[PDB]
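Undergrad: Dropping a structure here in structure tokens format, bear with me for questions.
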2 protein chains.
Amino acid sequence: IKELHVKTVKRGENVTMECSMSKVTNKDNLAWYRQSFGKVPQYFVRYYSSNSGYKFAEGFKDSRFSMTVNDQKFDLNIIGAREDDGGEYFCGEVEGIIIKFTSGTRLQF
Amino acid sequence: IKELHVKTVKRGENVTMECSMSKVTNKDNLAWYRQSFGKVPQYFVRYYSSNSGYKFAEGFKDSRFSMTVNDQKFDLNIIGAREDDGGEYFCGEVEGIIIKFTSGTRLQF
């Protein structure tokens, strides 16, 4: 089973967590999920038909996050990390009645 | 955010991890996901119309794992716990392009 990447950062550091695009069946069911410690995971940001390529969960109010979305990349960036960014982030694609996660990162301080 | 139930168990013990049928839109879309430490989560067992009511992921063979499924319950059972059962378990329903997790357990030793 795919091991998570572990990323150790300090307060105020810039970070990118990676997810490859090369093997996505339906770009449209691709998304990053986020799990804070001790909590259930939640849809965070999805691939999206737009100029940016992506759309955060409704009512996510934090412009530190962005993504790099192209033919090859679906990478999540943070400019200026803070303690509450810590947690696990899983990249996955919904396929039928199931989702398959193809990468993830445990971001820690 | 929903809190995971934190459960600490002893080797050999029995454990049930609860998930409700009460607000499910489509049962066919309901599944438990399993996450080993430092791994991506993986689909583990889904609702399935049958005498048992469920079907484990292809490749999984461990008869200590079962489910209690009825009109109210979609509960995951372990009979005779083992340390490699350690990890996080999430119950979610795919809803269109996105899975929504409704409950989970942090199973510890």
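Read-outs: derived from the displayed coordinates by stated rules, not from any lab. Cβ atoms come from the backbone with ideal geometry, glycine included; neighbour counts cover every protein chain shown.
Undergrad: Within the stretch B:17-48, can you find the residues that are surrounded by fewer than 18 Cβ atoms within 10 Å (Cβ to Cβ) and among the β-branched types (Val, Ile, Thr)?
TA: Selection gives B:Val24, B:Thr25.
Undergrad: Go through the residues of the stretch A:17-35 one by one and say whether even a single one is within 14 Å of chain B (Cβ to nearest Cβ), under 15 Å from the mean Cα position of the chain (by Cα), part of a loop (DSSP other than H, G, I, E, B) and hydroxyl-bearing (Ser, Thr, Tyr).
TA: No - not one qualifying residue is present in the stretch A:17-35.
Undergrad: Additional query: If I ask for residues that are assigned to a loop (DSSP other than H, G, I, E, B) and either more than 10 Å from chain B (Cβ to nearest Cβ) or touching a helix residue (DSSP H, G or I) at 6+ places or on another chain (Cβ under 9 Å) (or both), which ones from the stretch A:38-57 would you list? Spell out the reasoning first.
TA: Taking the stretch A:38-57 first, the residues assigned to a loop (DSSP other than H, G, I, E, B) are A:38, A:40-41, A:48-53, A:57.
Within the stretch A:38-57, A:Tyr48, A:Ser49, A:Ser50, A:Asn51, A:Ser52, A:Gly53 meet the criteria.
Undergrad: In the stretch A:1-26, what residues are over 26 Å from B:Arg34 (Cβ atoms) and not small (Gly, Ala, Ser)?
TA: A:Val9, A:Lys10, A:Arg11, A:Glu13, A:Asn14, A:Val15, A:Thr16
Undergrad: Restricting the stretch A:58-109 to residues that are more than 10 Å from chain B (Cβ to nearest Cβ) and small (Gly, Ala, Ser), which is surrounded by the most Cβ atoms within 10 Å (Cβ to Cβ)?
TA: Here the residue is A:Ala81.
Undergrad: Same structure again: Can you tell me which residue within the stretch A:1-16, out of those that are under 15 Å from the mean Cα position of the chain (by Cα) and more than 16 Å from A:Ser66 (Cα to Cα), is surrounded by the most Cβ atoms within 10 Å (Cβ to Cβ)?
TA: Among them, the one singled out is A:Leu4.
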